[PDB]
Amino acid sequence: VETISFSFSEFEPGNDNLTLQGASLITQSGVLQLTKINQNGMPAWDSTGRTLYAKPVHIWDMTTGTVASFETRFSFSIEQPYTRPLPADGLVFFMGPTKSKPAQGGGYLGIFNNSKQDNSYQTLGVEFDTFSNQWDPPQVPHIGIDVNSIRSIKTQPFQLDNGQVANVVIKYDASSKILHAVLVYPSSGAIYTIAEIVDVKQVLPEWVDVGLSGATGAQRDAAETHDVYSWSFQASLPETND
Ligand SMILES: CC(=O)N[C@@H]1[C@@H](O)[C@@H](O)[C@@H](CO)O[C@@H]1O
Ligand SMILES: [Ca+2]
Ligand SMILES: [Mn+2]
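In the nomenclature of the PDB entry, the protein corresponds to Lectin from the organism Erythrina corallodendron. The Subunit field of the UniProt record for the protein holds the comment "Homodimer." Under the heading Sequence similarities, UniProt records this for the protein: "Belongs to the leguminous lectin family."

Colleague: Account for the coordination of the calcium ion (ligand 2), naming residues and giving values.
Modeller: At 2.4 to 2.5 Å from the calcium ion (ligand 2) lie its protein donor atoms, namely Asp129 (OD), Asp129 (OD), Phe131 (O), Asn133 (OD1) and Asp136 (OD). Sequence positions of the donors to the calcium ion (ligand 2) reduce to the motif D-x1-F-x1-N-x2-D. For the pair the calcium ion (ligand 2) and the manganese ion (ligand 3), the metal-to-metal distance amounts to 4.3 Å, and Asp129 bridges them.

Colleague: How would you sum up the layout of surface pockets? Please name residues and give values.
Modeller: Empty space among the atoms becomes visible once a probe the size of a water molecule is rolled across them. When its volume is computed, the largest pocket comes out at roughly 270 Å³. Along the wall of the largest pocket there are 15 residues; nearest its centre are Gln80, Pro87, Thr130, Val140 and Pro141. Residues of the lining of the largest pocket, tallied by class, amount to eight nonpolar, six polar and one charged.

Colleague: Give me the lowdown on the site of ligand 1, citing residues and values where you can.
Modeller: Inspection of the region around ligand 1 gives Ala88, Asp89, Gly106, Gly107, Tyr108, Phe131, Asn133, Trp135, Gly217, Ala218, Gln219 and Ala222 as its neighbouring residues. A distance of 3.0 Å separates an oxygen atom of ligand 1 from a polar backbone atom of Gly107. One of the side-chain N or O atoms of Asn133 is found 2.9 Å from an oxygen atom in ligand 1. Surface burial for ligand 1 is 73%, taken as the share of its 370 Å² of free accessible area covered by protein chains. Here the residues of the shell around ligand 1 are counted per class, giving six nonpolar, five polar and one charged.

Colleague: Pulling in residues and values, what's your account of the pattern of salt bridges?
Modeller: Where side chains of opposite charge bring their charged atoms close, a pairing between them can arise. Scanning all chains against the criterion turns up two salt bridges. Here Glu71 ties to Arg73 by a salt bridge, and the two come within 2.6 Å at their closest N and O atoms. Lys177 serves as the salt-bridge partner of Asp199, at 3.5 Å between the closest nitrogen and oxygen. Placement of the pair is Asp199 in the loop between β14 (190-197) and α1 (200-203) and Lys177 in the loop between β12 (166-173) and β13 (178-185), with a sequence separation of 22 residues. Take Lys177: its relative accessible area is 33%, and that puts it in the partly exposed class.

Colleague: Explain the pairing of β13 residue by residue, including any values.
Modeller: The alternating pattern of β13 places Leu179, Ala181, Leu183 and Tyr185 on a buried face, while none of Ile178, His180, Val182 and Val184, on the opposite face, is buried. By the bridge criterion, seven bridges tie β12 to β13 in an arrangement that is antiparallel. Opposite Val169, over in β13, you have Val182 as the bridge partner. Between the antiparallel neighbours β12 and β13 lie four residues, among them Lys177 with a positive phi of about 65°. When β13 meets β14, the two strands line up antiparallel, connected through eight bridges.

Colleague: I'd like a description of the side chain of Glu224, backed by residues and values.
Modeller: The residue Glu224 is located in the loop between β15 (207-216) and β16 (227-237) in this model. An unpaired buried charge is present at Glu224: no salt bridge exists, and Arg84, the closest side chain of opposite charge, is 12 Å distant. Within the structure, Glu224 has its side chain in polar contact with the backbone nitrogen of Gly90 (distance 3.4 Å). A polar contact is formed between the side chain of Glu224 and the side chain of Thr130, at a distance of 2.8 Å. Discounting residues that sit within four places of it in the chain, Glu224 has contacts with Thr35, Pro43, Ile78, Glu79, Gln80, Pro81, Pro87, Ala88, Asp89, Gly90, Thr130 and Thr216.

Colleague: Residues and numbers for the coordination of the manganese ion (ligand 3), please.
Modeller: Around the manganese ion (ligand 3), the protein supplies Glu127 (OE), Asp129 (OD), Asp136 (OD) and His142 (NE2) as donor atoms, at distances of 2.3 to 2.4 Å. The sequence pattern describing where the donors of the manganese ion (ligand 3) fall on their chain is E-x1-D-x6-D-x5-H.

Colleague: Run through unusual backbone geometry, naming residues and quoting values.
Modeller: That bond from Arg84 to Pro85 is cis: its omega, 0°, falls within 30 degrees of zero. Structurally, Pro85 can be placed in the loop between β7 (69-77) and β8 (89-96). Going from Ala88 to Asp89, the amide bond is cis rather than trans, its omega being 0°. Along the chain, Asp89 falls in strand β8. A positive phi angle, near 50°, is found at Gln122, a position not held by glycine. The topology assignment puts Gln122 in the loop between β8 and β9 (124-129). Under the relative-accessibility criterion, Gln122 is labelled partly exposed at 31%.

What counts and how
These residue numbers run from 1 along each chain by written sequence and may not equal the entry numbers. Residues without coordinates are not shown. For this description, chains carry letters from A and ligands carry numbers from 1, given in the order in which they are written. With hydrogens and water stripped out, all remaining heavy atoms of the structure feed into the side-chain values. UniProt positions are given in the numbering used here, feature names are shortened, and annotations may be inferred rather than shown by experiment. A 2.8 Å cut-off from the metal defines N, O and S donors, relaxed to 3.2 Å for Na, K and Ca; water is not in the atom list, so some sites may appear incomplete. Only protein atoms enter the calculation, which uses a 1 Å grid: trapped sets of points that fit a 1.4 Å probe without letting it out are cavities, open sets showing protein on both sides within 12 Å along at least five of seven lines are pockets, and any residue with an atom within 4 Å of a point is a lining residue. Grid points are joined across faces, edges and corners, and a volume is the space filled by probe spheres set on the points. Residue polarity is assigned by list, with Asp, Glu, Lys and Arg as charged and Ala, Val, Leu, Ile, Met, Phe, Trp, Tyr, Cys and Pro as nonpolar; anything else, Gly included, falls into the polar class. When at least one non-hydrogen atom of a residue lies within 4 Å of a molecule or strand, that residue is treated as near it. Polar contacts, as used here, are pairs of N or O atoms within 3.5 Å; protein pairs need one atom able to donate a hydrogen and one able to accept it. Residues neighboring in sequence count only if both atoms are side-chain atoms. Where accessible areas are quoted, they stem from the Shrake-Rupley method and a 1.4 Å probe; at the residue level, only the protein chains shown are allowed to cover. In what follows, salt bridge is the name for a side-chain nitrogen of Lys or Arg lying within 4 Å of a carboxyl oxygen of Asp or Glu. The secondary structure listing takes helices from DSSP runs of H or I that are at least 4 residues long and strands from runs of E that are at least 2 residues long, numbered from the N terminus. The classification of residues rests on relative accessible area computed with a 1.4 Å probe and restricted to protein chains. Under 20% of the type maximum is buried, over 50% is exposed, and intermediate values are partly exposed. When DSSP finds two or more bridges between a pair of strands, those strands are recorded as paired. In this tally, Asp and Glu contribute negative charge and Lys and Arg positive charge; neither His nor the terminal groups of the chain are included. It only takes one pair of heavy atoms within 4.5 Å for two residues to be counted as in contact.

Here it is, written out as structure tokens:
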């Protein structure tokens, strides 16, 4: 079994295991700020930032035909300091081609370029969407499972506990092809669950980059924070299949 795992209970500036792109920054207090916060202490609009694990992950093998099972857990907080103008845009856990650079920001969350369904994206994502775009359901925020498109194959509305820490668990079972995700707000005790069938061998390339991406809106003050406090990941790929 080919395995890879990492766990950050806190983030350290200078850690070479993480690749920061765009506006993402690790504070001295150990917090990963995906999108920029201005010197005045308020979130900046038109900001896009991503953080990738510095090593690619072997998710499936064409020779043996095996597929990896994986699990990721992370804690984040989104604080929307204003109710108007409408806050945007959200954050997303994603897996895609290696050596990837930020895509379009705003409603595309830094991982897509348009709202089309396109096999070539070869991207899988679990989002936490705060702004309702034309391709979105009316309810926000919502959790969504994105397969080669910003238009989710399935969504689950959730209530934001403003500025509070949320715990997320995303697990993929290769045998059943079920991607199941859970979001919990310890502060209120709220629990949300969502699941869908995803055949990763049909969606992702054999080796992928794993990361987190966040973005604020394209209109002035259409923003919020996208802070991550901890992140762990583990993938197990059976080397053979007899
Ligand atoms: C397509 C696109 O990125 N749209 C963005 C949307 O996501 C949101 O950020 C909004 C802020 O009011 O600005 C634009 O409409
Ligand atoms: Ca959206
Ligand atoms: Mn959405």
